[PDB]
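Asker:
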Amino acid sequence: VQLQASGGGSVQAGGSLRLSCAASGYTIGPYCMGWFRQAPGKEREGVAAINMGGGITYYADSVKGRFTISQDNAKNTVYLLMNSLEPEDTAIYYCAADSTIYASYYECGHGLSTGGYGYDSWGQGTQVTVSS
Amino acid sequence: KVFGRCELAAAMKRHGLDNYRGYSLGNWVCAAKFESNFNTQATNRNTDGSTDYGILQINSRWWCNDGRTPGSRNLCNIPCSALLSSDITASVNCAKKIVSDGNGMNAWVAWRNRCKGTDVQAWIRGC
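Here is the structure:
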């Protein structure tokens with residue numbers, strides 16, 4: 002399986018950016034796709050996840066209200082629209098998928114909030130730097 | 001039907017779940033306990049419209065087709081209604097596909113939460 006992120010770059014505090022991630026090489030799934038970020042000198046943060054298909058979303062309390070994750074379906078592609086970017090949002094953003102097709106209902110923000118459990122497939126990081 | 005622990009164990013054993021893909025039977029009895037409480041009729045509607053059916057709470061967006069779930073992948077090629085039977089055969093038949101498809105027993109949220117890394121054989125001792 003492959004995960005290819007796009008987007009990221011630099012922007013001034015207050016602007017917005019849009020990241021994307023297409024999972025490739027999947028026959029079934031992923032069940033979950035989400036975003037993690039590693040700010041310089043901080044702990045890896047689970048930012049946002051969406052239950053593929055079902056469409057349920059979860060967000061970290063920091064980014065709640067500002068970020069929005071959605072899916073374009075097709076090649077399991079998702080986006081994270083980031084508005085009201087502040088310099089505290091400067092970090093390396095990683096895309097991640099949970100390839101397990103759960104038997105019973107699994108809320109994707111579960112693994113996201115608890116260390117990224119279940120999110121087995123990771124992509125290349127994309128630096129986002131918020132100026133000012 | 002609400003099976004009895006030792007009753008369900010025996011039925012699962014006969015249905016070839018013991019050491020299936022290497023999972024000792026206690027895994028299957030514990031999963032069933034924390035999934036449906038051994039009630040073969042339990043259904044739980046989920047926020048995304050899908051519903052969990054049966055003794056092993058199999059889900060409708062991916063495993064079975066219940067008719068009211070958009071995008072049902074229906075990977076078990078079975079109606080969800082076939083999983084609410086007192087005869088665990090269809091449930092057991094589908095639970096095997098889930099497990100043999102490489103998901104493992106992690107596919108069951110209740111197992112991964114209330115059984116993984118516990119003394120699961122506690123669930124079959126005394127039957």
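Protein chains in written order, with PDB author numbering: chain A, 2 to 133; chain L, 1 to 127. Beta carbons are placed, not taken as given, at the ideal position from N, Cα and C, and that holds for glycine.
#1: Let me know the secondary structure DSSP gives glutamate 35 of chain L once reduced to three states.
#2: Evaluate the contact criterion for the segment 123 to 133 of chain A versus the segment 19 to 34 of chain L: three or more CB pairs, one atom per stretch, below 8 angstroms.
#3: Of all Cβ atoms in chain A, is any one closer than 8 angstroms to the Cβ of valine 109 of chain L?
#4: Taking just the CA atoms, how far does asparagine 59 of chain L sit from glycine 47 of chain A?
#5: Measuring CB to CB, does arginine 21 of chain L end up less than 8 angstroms from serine 100 of chain L?
#6: Using a 10 Å radius around the Cβ and a threshold of 16 neighbouring Cβ atoms, would you call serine 25 of chain A buried or exposed?
#7: For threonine 58 of chain A, which of helix, strand or coil comes out of DSSP?
#8: Would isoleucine 70 of chain A and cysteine 109 of chain A qualify as a contact pair, given that the criterion is a beta-carbon distance under 8 angstroms?
#9: Just to confirm the assignment, what range does the beta strand (DSSP E) spanning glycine 35 of chain A have?
#10: Which residues in chain A sit within 8 angstroms of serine 24 of chain L, going by Cβ to Cβ distance?
#11: Within this structure, are the beta carbons of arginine 5 of chain L and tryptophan 123 of chain L separated by less than 8 angstroms?
#12: Would you kindly report the start and end of the unbroken alpha helix (DSSP H) that includes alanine 110 of chain L?
#13: Along the chain, where does the alpha helix (DSSP H) that runs through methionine 12 of chain L open and close?
#14: With DSSP as the reference, label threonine 89 of chain L as helix, strand or coil.
#15: Starting from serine 105 of chain A, find everything on chain L with Cβ-Cβ shorter than 8 angstroms and list it in chain order.
#16: Taking a Cβ distance cut-off of 7 angstroms, strictly less, list which residues of the segment 48 to 61 of chain A are near chain L, in chain order.
#17: So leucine 82 of chain A is in the beta strand (DSSP E); what residue range does that whole segment cover?
#18: Quick check on this structure: which residue in L:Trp111, L:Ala82, L:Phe3, L:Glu7 has the alpha carbon closest to the alpha carbon of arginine 125 of chain L?
#19: At 8 angstroms on the CB atoms, spell out the chain A contacts of residue 130 of chain L, in chain order.
#20: In the DSSP output, what is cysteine 96 of chain A paired with across the bridge?
#21: What number of angstroms, rounded off, separates the C-alpha of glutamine 72 of chain A from the C-alpha of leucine 82 of chain A?
#22: In its own chain, which residues sit with a C-beta less than 8 angstroms from the C-beta of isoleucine 102 of chain A, not counting the 5 before and 5 after it?
Answerer: In this structure, then:
#1: Against the second sequence, residue 35 of chain L aligns to sequence position 35. Correct three-state label for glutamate 35 of chain L: helix.
#2: no
#3: In the second sequence, residue 109 of chain L corresponds to position 109, counting from 1. Yes, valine 109 of chain L lies at the interface with chain A (some Cβ there is under 8 angstroms from its Cβ).
#4: By one-based count along the first sequence, residue 47 of chain A stands at place 46. By one-based count along the second sequence, residue 59 of chain L stands at place 59. C-alpha separation (whole angstroms): 26 angstroms.
#5: For the purposes of this step, residue 21 of chain L is taken as the residue at position 21 of the second sequence. For the purposes of this step, residue 100 of chain L is taken as the residue at position 100 of the second sequence. Yes.
#6: By 1-based counting over the first sequence, the position of residue 25 of chain A is 24. Exposed is the call here.
#7: Looking up residue 58 of chain A in the first sequence gives position 57. Residue state, collapsed to three classes: strand.
#8: Here the question's residue 70 of chain A lines up with position 69 in the first sequence. Here the question's residue 109 of chain A lines up with position 108 in the first sequence. It is not a contact, given that the beta carbons lie outside the stated cut-off.
#9: Within the first sequence, residue 35 of chain A is the residue found at index 34, counting from 1. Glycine 35 of chain A -> beta strand (DSSP E) spans 33 to 39.
#10: Taking the first residue of the second sequence as 1, we reach residue 24 of chain L at position 24. The premise fails here: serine 24 of chain L is roughly 18 angstroms from chain A at the closest Cβ pair, so nothing lies under 8 angstroms.
#11: Your numbering for residue 5 of chain L matches position 5 in the second sequence. Your numbering for residue 123 of chain L matches position 123 in the second sequence. Taking 8 angstroms as the Cβ cut-off, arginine 5 of chain L and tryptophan 123 of chain L qualify as a contacting pair.
#12: Walking along the second sequence from the start, residue 110 of chain L turns up at place 110. Taken as a continuous stretch (DSSP letters only), the alpha helix (DSSP H) holding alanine 110 of chain L covers 109 to 114.
#13: Position 12 of the second sequence, counted from the start, is the residue given in the question as residue 12 of chain L. Counting along the chain, the alpha helix (DSSP H) containing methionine 12 of chain L begins and ends at 5 to 14.
#14: To locate residue 89 of chain L, count along the second sequence from 1; it is residue 89. Note: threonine 89 of chain L maps to helix in three-state DSSP.
#15: Stepping through the first sequence from its first residue, residue 105 of chain A is reached at position 104. Those within 8 angstroms of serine 105 of chain A in chain L are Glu35, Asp52, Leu56, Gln57, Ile58, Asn59, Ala107, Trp108, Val109, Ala110.
#16: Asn52, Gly54, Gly55, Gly56, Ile57
#17: Translated into positions along the first sequence, residue 82 of chain A becomes position 81. 78 to 83 is the extent of the beta strand (DSSP E) around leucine 82 of chain A.
#18: By 1-based counting over the second sequence, the position of residue 125 of chain L is 125. Minimum Cα distance to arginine 125 of chain L is reached at L:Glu7.
#19: Nothing about residue 130 of chain L can be read from this structure; chain L reaches only from 1 to 127.
#20: To locate residue 96 of chain A, count along the first sequence from 1; it is residue 95. Answer is A:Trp36, bridged to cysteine 96 of chain A.
#21: Numbered from its first residue, the first sequence carries residue 72 of chain A at position 71. Numbered from its first residue, the first sequence carries residue 82 of chain A at position 81. If you take the alpha carbons of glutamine 72 of chain A and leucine 82 of chain A, they lie about 11 angstroms apart.
#22: Within the first sequence, the letter at position 101 stands for residue 102 of chain A. Correct list, in chain order: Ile29, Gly30, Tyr32.
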